[PDB]
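What follows is a single chain, given as structure tokens, in the form deposited in one PDB entry.
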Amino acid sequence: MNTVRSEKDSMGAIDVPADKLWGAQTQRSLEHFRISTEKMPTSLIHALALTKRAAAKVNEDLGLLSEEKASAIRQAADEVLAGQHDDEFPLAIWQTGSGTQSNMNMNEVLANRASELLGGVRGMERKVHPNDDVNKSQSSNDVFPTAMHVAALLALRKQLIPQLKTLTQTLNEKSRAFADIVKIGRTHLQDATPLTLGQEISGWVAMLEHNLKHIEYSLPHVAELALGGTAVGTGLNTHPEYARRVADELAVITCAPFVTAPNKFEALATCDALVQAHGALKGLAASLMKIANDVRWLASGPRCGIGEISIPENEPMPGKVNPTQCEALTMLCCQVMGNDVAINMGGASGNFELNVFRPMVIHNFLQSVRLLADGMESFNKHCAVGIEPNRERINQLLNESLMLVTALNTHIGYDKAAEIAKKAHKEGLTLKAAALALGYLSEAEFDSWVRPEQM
């Protein structure tokens, strides 16, 4: 729509497209911060709407906001949650480090919309006001950090963790199914002593189980909300019960154990909870990177690699099955690693009463959660559930190796056993062929003595 609406702020008037619900401040920011293409994540936008919804409910309970106004604001917030106004937040991540502009973005949209809901109009003659009504008892300084934690905790609880558990179950079922399949071990990439495929996979299972605990340990710090600390953390210009009540409200509407932060100065001055929580995520990325690599190397071939297992072929050189899911997973694991560095830099750069590197920090954090969650979900259903053993190749490899020589020690002594191994190695023979050439035992004795199942 070409038609504009004249909206204004302390700096004056500015034209805002008529079909949009934002106001003067969002328009100015739009024209001043034309940097790249990254905008606030949908999850962050919703967490912000949830924050305003809770504040309005509590402001009402405290008699600070009229029931009518509070009711409309709450109704407008739910529409945002319903995903009806995704197009009303055009601001880039690269704005003021406090997230003030996005706070104002939400205030203007909620104000203009709540006004219409009350039978009013959008624009300067709106019935609900961005700062006076919607931002009542708040500050960008304590609101943005709160929305960050709400977004982060819910994402971890509802997206990441469930997917992690499902992948663990799948690998655990595989572990039990292949418990009896003996394969050759590999250390330093070299052939080594045997272990079952089930045991190898149990290592992957334990890794995921350990990661889950680590992620759980990071949750209580992210559950702490800054809301109530206002501008510098003192809680100036607020009702004494506000901080506790708004945290209770959020906990109630989300069903998550949110608590108000015991120290508001630590909550406004840093992003410590997220720096620590992301530390657990980069650990999960390192574990996943290893599991994904093991899978693609074990399935390499089909003739000139390892080929001990086969994985589902999902896309359209006969046996050339590219391990694409493994490639998407390893690539996103590198991304999480780099995201951690950007986060550490921003988290270490707070000054005095406020950390102004917030948009960037939350941008990287929510991206890593999405990547890890969707990545495991994709890897699980498009690869993990269909992992199968190439029993013939496995056995071929086992019998061609020199590692089974240890089974002969108790029967013929170390010296003769090592002699057999050396001969087979220098001459390019199998352990059996060498043993028989030397005449140290009969083929029947070899077949009875070398049982890989007793490794």
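Residue indices: 1-based, along the sequence shown. Between two forms, the rigid core is defined as the largest C-alpha subset superposing within 1.5 Å.
Heads up, the form deposited in another entry isn't pictured, but that's what we're talking about next.
Only one candidate in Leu30, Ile387, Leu62, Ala417 has its Cα displaced by 2 Å or more between the shown form and the other one after core superposition: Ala417.
A movement of the C-alpha atom of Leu438 reaching 2 angstroms or beyond is seen between the shown form and the other one when the two forms are aligned on their rigid core.
Shown in the overlay between the shown form and the other one, fitted on the rigid core, is a CA shift at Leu50 smaller than 2 Å.
Annotation for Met40: C-alpha shift under 2 angstroms between the shown form and the other one, rigid core superposed.
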